[PDB]
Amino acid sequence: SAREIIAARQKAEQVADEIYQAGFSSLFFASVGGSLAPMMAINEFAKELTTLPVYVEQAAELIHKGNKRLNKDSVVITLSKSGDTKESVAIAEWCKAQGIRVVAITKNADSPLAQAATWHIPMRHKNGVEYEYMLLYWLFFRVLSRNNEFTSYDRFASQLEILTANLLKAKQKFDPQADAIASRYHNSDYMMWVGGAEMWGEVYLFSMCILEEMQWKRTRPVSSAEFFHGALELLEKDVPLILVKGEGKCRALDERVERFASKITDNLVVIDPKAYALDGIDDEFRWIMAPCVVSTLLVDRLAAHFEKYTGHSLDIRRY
């Protein structure tokens, strides 16, 4: 519903404004597992769009090492659906103990993560993975807006409100390809998963958090750029390669993988967010939306089609 979306945008924008108005040194996006994916996209956007110190850190590494750039003026941003994820609670409570301000995105304001946080941005029980991107996008892009580094913010932020409608349509359009991927590869002993830059988080997430953890499928996730520095030698006729393309400046690197793999393997799959219309969203924002498009396609639809063919409930853990 439109009203939920406008409310979500307002809360994220209020956090961004209070952060900007208070002042800050560095922004550290700290998390673990699948929750890193949208943070890794933010980091890739930040490389091009801001001179602000922006970092993404594995929360368990960060609590063991500390960081000389993390100081009492920093803000640490965390995300946990449950708000109980041990490493995220731990880094939030560690920041709090040091007087380092924390943002928490979770679906429960009395979760331990939310109680450790300076700012809580709620997610609603029914919210799928696109909301993790949308809330982090409103937060991060509003900071850039206030810092005079995102002069398209108003239009971007309004158009982000209609991404959910576009994602429903994309998922329906993807469904036949998703069934075909799952049909052919559910019984694969080894899949190569390739993508990079702002798309790397989605390849990372889908490979480890869905296919390995929830379907016990062996994968080799590798970036498009680094594919050509050794992993390419493993490709042959019968090896599956699933390529996730970006719509930013690194699309050319993805296309090099496509051209090489198309000559070598009979088992090339291309997941291209550029194939999906985003009605009412300007083309200049497609490179930002793309990781969110792919995440919803892979986490919602492709996971469900693998589950259908394996017969292995996505809820199963052997550990």
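The first residue of the sequence shown is number 1, and the count goes up from there.
For the pair 80-88 and 192-200, the mean B factor over Cα atoms is greater in 80-88. A summary of the deposited B-factors shows that, of 216-224 and 146-154, the stretch with the larger mean C-alpha value is 146-154. Across 98, 207, 177, 183, the greatest Cα temperature factor reported in the deposited entry is at 98. Comparing the listed residues 61, 284, 254, 44, the entry records the largest Cα B-factor for 284. Looking at the C-alpha B-factors along this chain, the one for residue 246 belongs to the lowest third. Among all modelled residues in this chain, the alpha-carbon of residue 258 has a temperature factor (C-alpha) in the middle third. Residue-level temperature factors show residue 292 in the middle third of its chain, judged at the C-alpha atom. In the deposited entry, the Cα temperature factor of residue 280 sits in the top third of values across the chain's modelled residues. Sorting the modelled residues of the chain by their CA temperature factor places residue 170 in the middle third.
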